[PDB]
Ligand SMILES: *[C@@H]1O[C@H](CO)[C@@H](O[C@@H]2O[C@H](CO)[C@@H](O[C@@H]3O[C@H](CO[C@H]4O[C@H](CO)[C@@H](O)[C@H](O)[C@@H]4O)[C@@H](O)[C@H](O[C@H]4O[C@H](CO)[C@@H](O)[C@H](O)[C@@H]4O[C@H]4O[C@H](CO)[C@@H](O)[C@H](O)[C@@H]4O)[C@@H]3O)[C@H](O)[C@H]2NC(C)=O)[C@H](O)[C@H]1NC(C)=O
Ligand SMILES: *[C@@H]1O[C@H](CO[C@@H]2O[C@@H](C)[C@@H](O)[C@@H](O)[C@@H]2O)[C@@H](O[C@@H]2O[C@H](CO)[C@@H](O)[C@H](O)[C@H]2NC(C)=O)[C@H](O)[C@H]1NC(C)=O
Ligand SMILES: *[C@@H]1O[C@H](CO[C@@H]2O[C@@H](C)[C@@H](O)[C@@H](O)[C@@H]2O)[C@@H](O[C@@H]2O[C@H](CO)[C@@H](O)[C@H](O)[C@H]2NC(C)=O)[C@H](O)[C@H]1NC(C)=O
Ligand SMILES: *[C@@H]1O[C@H](CO[C@@H]2O[C@@H](C)[C@@H](O)[C@@H](O)[C@@H]2O)[C@@H](O[C@@H]2O[C@H](CO)[C@@H](O)[C@H](O)[C@H]2NC(C)=O)[C@H](O)[C@H]1NC(C)=O
Ligand SMILES: *[C@@H]1O[C@H](CO)[C@@H](O[C@@H]2O[C@H](CO)[C@@H](O)[C@H](O)[C@H]2NC(C)=O)[C@H](O)[C@H]1NC(C)=O
Ligand SMILES: *[C@@H]1O[C@H](CO)[C@@H](O[C@@H]2O[C@H](CO)[C@@H](O)[C@H](O)[C@H]2NC(C)=O)[C@H](O)[C@H]1NC(C)=O
Ligand SMILES: *[C@@H]1O[C@H](CO)[C@@H](O[C@@H]2O[C@H](CO)[C@@H](O)[C@H](O)[C@H]2NC(C)=O)[C@H](O)[C@H]1NC(C)=O
Ligand SMILES: *[C@@H]1O[C@H](CO)[C@@H](O[C@@H]2O[C@H](CO)[C@@H](O)[C@H](O)[C@H]2NC(C)=O)[C@H](O)[C@H]1NC(C)=O
Ligand SMILES: *[C@@H]1O[C@H](CO)[C@@H](O[C@@H]2O[C@H](CO)[C@@H](O)[C@H](O)[C@H]2NC(C)=O)[C@H](O)[C@H]1NC(C)=O
Ligand SMILES: *[C@@H]1O[C@H](CO)[C@@H](O[C@@H]2O[C@H](CO)[C@@H](O)[C@H](O)[C@H]2NC(C)=O)[C@H](O)[C@H]1NC(C)=O
Ligand SMILES: *[C@@H]1O[C@H](CO)[C@@H](O[C@@H]2O[C@H](CO)[C@@H](O)[C@H](O)[C@H]2NC(C)=O)[C@H](O)[C@H]1NC(C)=O
Ligand SMILES: *[C@@H]1O[C@H](CO)[C@@H](O[C@@H]2O[C@H](CO)[C@@H](O)[C@H](O)[C@H]2NC(C)=O)[C@H](O)[C@H]1NC(C)=O
Ligand SMILES: *[C@@H]1O[C@H](CO)[C@@H](O[C@@H]2O[C@H](CO)[C@@H](O)[C@H](O)[C@H]2NC(C)=O)[C@H](O)[C@H]1NC(C)=O
Ligand SMILES: *[C@@H]1O[C@H](CO)[C@@H](O[C@@H]2O[C@H](CO)[C@@H](O)[C@H](O)[C@H]2NC(C)=O)[C@H](O)[C@H]1NC(C)=O
Ligand SMILES: *[C@@H]1O[C@H](CO)[C@@H](O)[C@H](O)[C@H]1NC(C)=O
Ligand SMILES: *[C@@H]1O[C@H](CO)[C@@H](O)[C@H](O)[C@H]1NC(C)=O
Ligand SMILES: *[C@@H]1O[C@H](CO)[C@@H](O)[C@H](O)[C@H]1NC(C)=O
Ligand SMILES: *[C@@H]1O[C@H](CO)[C@@H](O)[C@H](O)[C@H]1NC(C)=O
Ligand SMILES: *[C@@H]1O[C@H](CO)[C@@H](O)[C@H](O)[C@H]1NC(C)=O
Ligand SMILES: *[C@@H]1O[C@H](CO)[C@@H](O)[C@H](O)[C@H]1NC(C)=O
Ligand SMILES: *[C@@H]1O[C@H](CO)[C@@H](O)[C@H](O)[C@H]1NC(C)=O
Ligand SMILES: *[C@@H]1O[C@H](CO)[C@@H](O)[C@H](O)[C@H]1NC(C)=O
Ligand SMILES: *[C@@H]1O[C@H](CO)[C@@H](O)[C@H](O)[C@H]1NC(C)=O
Ligand SMILES: *[C@@H]1O[C@H](CO)[C@@H](O)[C@H](O)[C@H]1NC(C)=O
Ligand SMILES: *[C@@H]1O[C@H](CO)[C@@H](O)[C@H](O)[C@H]1NC(C)=O
Ligand SMILES: *[C@@H]1O[C@H](CO)[C@@H](O)[C@H](O)[C@H]1NC(C)=O
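Residue numbers (the authors' numbering), protein chains in the order written: chain E, 519 to 546, 561 to 664; chain B, 519 to 546, 561 to 664; chain F, 519 to 546, 561 to 664; chain H, 1 to 35, 35A, 36 to 52, 52A, 53 to 82, 82A to 82C, 83 to 100, 100A to 100C, 101 to 112; chain A, 31 to 60, 66 to 141, 150 to 185, 188 to 309, 312 to 323, 323A, 324 to 396, 413 to 503.
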């Protein structure tokens, strides 16, 4: 908790340097909870949900071939229709909150393409003469 | 949910192309649950179990050296006694349900060997002149 | 459960050969639990905690760049002030329990350095002429 | 079952290029990988020249021939060919068209009769 | 000499039979108990998947989905009554008369006018009140002194006059890691393999309707009358008959009632049955004769199929026992009717008015120890329902092929769910597996 959100106003490029700050903070009595068994449930539900959300994101990175990475490259080309901007307009002079608002509607298109790309890559690994 | 089980009647080879379809579907009120605290537990138990089953499979892939992969190679030889068939009898003209019935009794033998193989591989990585 | 703690009296070097024995054992009615809804909670709390502890360790290995490994190298130099001993005094003639007592106070210093090292490594991967 | 049929000049003069065409019957070049050329050099034996992926146009060549060899595919004709930049007497060999299938599940060859080419 | 190396696959389409807990889901659109315990909506367009080339074995008699409905239904009944007024103070000696004003002879002796001494909201004060009772719930002490029928056996509580128990179609859905498989094949026996199957997220909507002898408001077969049983040969087993044509049944309660509210304690009200307005008549059900005496003919041809080609089939009346066993227990409008079905099973193969009784203190089949008092309904009621199937019991098995006798049977609450959960099975998905390939690290 030394920047949980310190990069929020930074540009997209600059904010790429705090990815471990946000990730490490996303998976952070005695008798009362059992004597009054309403609160034991209220507390467990909050804990179970934090775990399920964490795992769903990890499963996607696994499927897309980005497991274990905070920054990962793929082979899906960027469609100009998703955002008609060049790199100097995206990485500089723009925040991640603004970018998310701009892309939002295309999130599922992009995710579907990332999954298709990884499956094609695996198919090419079961053919010993691949990519030649 | 576009094929949760669509490949069930396909051959083992053909079914290898839907591994992301099955994996992505294996880790998918308000007041009622706290007013009637029987159901809060019934629901949490179902959710906790889904998480524990997921994690046990991930731990095994980790131990065997197959983390992050849907298709993974190992160095354990296949024993002819486990199934005396050639590749043209296994990958074609056979389903995964049939294969599982055929192998079942040998599941633990195979898993034990996969763990031994990875440990031997690690030992060879702490000797800078390894495999020469 | 064939050595859950068999290596406890072994030297640090010898004990490095049982890492899969300890790891595989760290993430191991009917009506009673719902009829008496004190025990349903007592049991779920124990299960949720085992999962949360497992995941926190996995997240750290991820952040440090050691995901999927039982033995992992880093680029952080050892400070002689953390333990002024040579390798022949550490790997031989010393147990892991003794070593942990010796290092304890420096645990957080070391962990902080491991995170900084991985971030520097990632920065160098977004510059195509890196390390030359 | 794939059949491989080859033709081209059996005589090339020194400093002239060499050109051989392999016709493919029974399957589509554009669908499979592993279309390749191998030659049998007298006094040496069999040597790999290179291969092409009919699905992409990507190729790989034996380093000793990277400065001279071109492999390409005619997707209309369903034939592929080998071209070699200027050749010498040292290139006299029996040249062959072959198809190599090598995957996790199957291994097989289709190997045609070849063309004898003399450089002189 | 194959020289292959155990490769590992994850996400393999392999499944095994399993028992888990299913969750309920609804249409959203639906003070009804099942509108509250079935909050999660289903998808409006369920993702059903046909499985090509899959053969799977089913067994409706060993299906644990049935057992879960039994537990869920009785569990909800025992939660809905939790906050409501106990009627313990009414278990007092009653003074009763015969209610002889404006009575049809068929109702003579059916109602009693009972007065009694009960408390008011104050500890030191009493009131004299009276109400009407049905004779089924009033028992003579040692000719005017009467006791409530269950005072020497069980506690009594008042059904909450707010909560509806009208059936709502509900759907059962699998938890993550599980799937439900369905048979779409034809004329399924209820057991054995089916070769036309699909994977679903949830079951179709099932209404938790509970009745005896006749099965109401279910799925109406499809192509023909189908007769199913665990054994058929064993006369200790039931036979479930599912019809492909419904039979309409019209039930009514002709007496125009009113209600009175009696204070039973501070903040606690008791709802008593008041005077009947107009003539007193007997409750009854109407079955069209023109449909019933044909529906059975269809059943008989199919029933003969399992016993012989030239044998006589006889439909006899029910046997002895409690009203819950010997009569058609019918829950409608909020009141409990016990109807006489002898008029439907009185023939040999080779408008029908059924009288009904009404009971208010219900010792539900589910258990012994507590009973529910059902408050009366104001005005009059009418019910319209579909007979979709019958539960028959074979009362023979004797050494005489000449003829066989069938009687109305059943009575188990599960007989009303088994016929809908009939097409479904629960399986667990197991994603790891290994196989040899010609590839090593
Ligand atoms: C097999 O399937 C069939 C078909 O679904 C099913 O039959 C249906 O049963 C339900 C329940 O018994 C019937 O629904 C009732 O219908 C009456 C008819 O009223 C009509 O006329 C009034 C006049 O103003 C209209 O307003 C009304 O819309 C109708 O046109 C309704 O009156 C019932 O509603 C009352 O009772 C409900 C119980 O919870 C209350 O929630 C509701 O608010 C109403 O109560 C109010 O008025 C009362 C009047 O005295 C008052 O006392 C209450 O305090 C409150 O103010 C209800 O809608 C439905 O019509 C049946 N369908 C047919 C064709 O008959 C079978 O039962 C089923 N078989 C089974 C399960 O065995
Ligand atoms: C870039 O994407 C367009 C299609 O995007 C459209 O808008 C999206 C929000 C979503 O609604 C999509 O479904 C839309 O189609 C691609 O153009 C499509 O290409 C296919 C190819 O056959 C064609 O059938 C579609 O009609 C095209 N759509 C339109 C509107 O013409 C385009 O090719 C993509 N470019 C790249 C480089 O991927
Ligand atoms: C293939 O496996 C056999 C042993 O498998 C047997 O059957 C299994 C179901 C299980 O019961 C095993 O425990 C059985 O042993 C290997 O043969 C064994 O080799 C060891 C080597 O010393 C020998 O001591 C055993 O007696 C042998 N077993 C028998 C029955 O003779 C065989 O070597 C394995 N082959 C490969 C390539 O791994
Ligand atoms: C090894 O570590 C020392 C510092 O460790 C000290 O003791 C620890 C328990 C903890 O209290 C630390 O905060 C302490 O500082 C390093 O020496 C420091 O180097 C910085 C560099 O500018 C200097 O400002 C500090 O004053 C130094 N500390 C002292 C006590 O002089 C030393 O450089 C480290 N060596 C290596 C190789 O990393
Ligand atoms: C908030 O905005 C200001 C400017 O709008 C940012 O300041 C700039 O920081 C860059 C960093 O190198 C400097 O080169 C610019 O000259 C600064 N601008 C001005 C006007 O001084 C500031 O950094 C922003 N805050 C965050 C968190 O990004
Ligand atoms: C992303 O979705 C939003 C809505 O969720 C789109 O904004 C709407 O666009 C329609 C188009 O006729 C307008 O009528 C709405 O008023 C807009 N809503 C708002 C809040 O402005 C938005 O255009 C979509 N973006 C893209 C790129 O398709
Ligand atoms: C179900 O079985 C049939 C045959 O028993 C499969 O059909 C075969 O599909 C392959 C695919 O290339 C064809 O080459 C064969 O000629 C087909 N056979 C026939 C008789 O047409 C069908 O695909 C199977 N279904 C699944 C899901 O695998
Ligand atoms: C795998 O285990 C099954 C049992 O779980 C084995 O089948 C049994 O084998 C014994 C051997 O005498 C028979 O008596 C049983 O009747 C068999 N059971 C069934 C259901 O057929 C099966 O043979 C084992 N497979 C292997 C390869 O060992
Ligand atoms: C417990 O301590 C004894 C000695 O203190 C260990 O025995 C030694 O084991 C090494 C292994 O190669 C031998 O080379 C030594 O000669 C042994 N010493 C003696 C005196 O025999 C013993 O292994 C220790 N136990 C554990 C679990 O490490
Ligand atoms: C690690 O921490 C322990 C305490 O948690 C340190 O031991 C204490 O050191 C102080 C120093 O004045 C003594 O007064 C205490 O009595 C010591 N405690 C014990 C239990 O002995 C220990 O020295 C620290 N180690 C390092 C390397 O700093
Ligand atoms: C049930 O008994 C009560 C009396 O215990 C009857 O109520 C009385 O009816 C007469 C008729 O004129 C009235 O004058 C009295 O004032 C009524 N008494 C009370 C206390 O209301 C009641 O009518 C009887 N009900 C039936 C159906 O016979
Ligand atoms: C499995 O059963 C389904 C029944 O729902 C069959 O689907 C029908 O097939 C006929 C064929 O002409 C169509 O006309 C119907 O419209 C289909 N029904 C539906 C609901 O779409 C299906 O063909 C059967 N499959 C097998 C293998 O017999
Ligand atoms: C129905 O249940 C009866 C009773 O168990 C079965 O008939 C008996 O089967 C046993 C099997 O060993 C025989 O020994 C008995 O002699 C049989 N009884 C008679 C009267 O023959 C009967 O087979 C079952 N039928 C079905 C269709 O399940
Ligand atoms: C259902 O109704 C029938 C007739 O409507 C009742 O049958 C009568 O039972 C008595 C008992 O001995 C006989 O003496 C009568 O002759 C029977 N009538 C007929 C027409 O057979 C039957 O008891 C009623 N069932 C119940 C449960 O009340
Ligand atoms: C009272 O009810 C009983 C019920 O059997 C009946 O026999 C008796 O004749 C009734 N008394 C009067 C006055 O009708
Ligand atoms: C109420 O109590 C009085 C006390 O004497 C008794 O006479 C009267 O009959 C009781 N009333 C009833 C209906 O039992
Ligand atoms: C209650 O009394 C009635 C009177 O006939 C009797 O039949 C019944 O068995 C009794 N119940 C118990 C539990 O004793
Ligand atoms: C009774 O059967 C008819 C036949 O079509 C059907 O339309 C009606 O909805 C059914 N009623 C019930 C309650 O299912
Ligand atoms: C019901 O099944 C009988 C069986 O012969 C058939 O004749 C009749 O037409 C079927 N009814 C319907 C509605 O299909
Ligand atoms: C249907 O069930 C009966 C009762 O056990 C059985 O004898 C018969 O063989 C079954 N039919 C099929 C097709 O399984
Ligand atoms: C049953 O039919 C009789 C015939 O007269 C009729 O009077 C009665 O009202 C009908 N009952 C119902 C419930 O329709
Ligand atoms: C039930 O009532 C409806 C009301 O219109 C009537 O049409 C139908 O024929 C009645 N059914 C019977 C069995 O009398
Ligand atoms: C019984 O009658 C049916 C009518 O078609 C016939 O097909 C069947 O063979 C007959 N069975 C015997 C045993 O005669
Ligand atoms: C059975 O049918 C006969 C036919 O006349 C009739 O007399 C008898 O009363 C009927 N039985 C019942 C219980 O309705
Ligand atoms: C009425 O039932 C008898 C029973 O044997 C049957 O013979 C008669 O044909 C039935 N009536 C009609 C209209 O089918
Ligand atoms: C019961 O009788 C009252 C008397 O006026 C009438 O208003 C009411 O509508 C009747 N209720 C019925 C027949 O449901």
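Yeah, the Cβ is synthetic: ideal placement off N, Cα and C, and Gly gets one too.
{"Query": "Residue 296/A: CB within 7 angstroms of a non-hydrogen atom of ligand 21", "Result": "yes"}
{"Query": "Residue 262/A beta carbon near ligand 13 (any heavy atom closer than 7 angstroms)", "Result": "no"}
{"Query": "Through-space distance from residue 580/B to residue 571/F, alpha-carbon basis", "Result": "15 angstroms"}
{"Query": "Validate contact between the segment 291-303 of chain A and the segment 437-450 of chain A using beta carbons, cut 8 angstroms, 3 pairs", "Result": "yes"}
{"Query": "Neighbour list for residue 532/B in chain E, Cβ cutoff strictly below 7 angstroms", "Result": "The contacting residues do not exist; residue 532/B stays about 12 angstroms from chain E at best."}
{"Query": "Proximity test, residue 289/A beta-carbon vs ligand 19 heavy atom, cut-off 7 angstroms", "Result": "yes"}
{"Query": "8 angstroms contact criterion, which residue 286/A and residue 208/A should meet: CB distance rounded", "Result": "Not confirmed; about 34 angstroms, so no contact."}
{"Query": "Spatial distance of residue 48/H from residue 16/H (CA atoms)", "Result": "18 angstroms"}
{"Query": "Residue(s) in a DSSP beta bridge with residue 473/A", "Result": "According to DSSP, which records beta bridges pairwise, residue 473/A is partnered with nothing at all."}
{"Query": "Residue range of the unbroken alpha helix (DSSP H) whose run includes residue 371/A", "Result": "369-372"}
{"Query": "CB contact flag (residue 421/A, residue 435/A, <8 angstroms)", "Result": "no"}
{"Query": "Enclosing beta strand (DSSP E) for residue 273/A [first to last residue]", "Result": "271-274"}
{"Query": "Lining residues of ligand 13 - beta-carbon closer than 6 angstroms to any non-hydrogen atom, in sequence order", "Result": "276/A, 277/A, 278/A and 279/A"}
{"Query": "Distance CB(residue 522/B)-CB(residue 55/A) smaller than 8 angstroms", "Result": "no"}
{"Query": "Residue 527/E CB to nearest heavy atom of ligand 5 below 7 angstroms", "Result": "yes"}
{"Query": "Residues near residue 138/A in its chain [Cβ-Cβ closer than 7 angstroms; skip 5 each side]", "Result": "326"}
{"Query": "Nearest candidate by alpha-carbon position, reference residue 304/A, set 86/A, 173/A and 167/A", "Result": "173/A"}
{"Query": "Within-8 angstroms CB hit, residue 566/B to chain A", "Result": "no"}
{"Query": "Beta-carbon proximity list for residue 628/B, same chain, < 6 angstroms, skipping 5 on both sides", "Result": "530 and 533"}
{"Query": "Simplified DSSP state of residue 10/H, which is helix, strand or coil", "Result": "coil"}
{"Query": "Contact shell at 7 angstroms, judged by CB to any heavy atom of ligand 25, ordered along the chain", "Result": "339/A, 340/A, 343/A, 393/A, 394/A, 395/A and 396/A"}
{"Query": "Per-residue burial, residue 83/A [other beta carbons within 10 Å of its own, 16 or more giving buried]", "Result": "exposed"}
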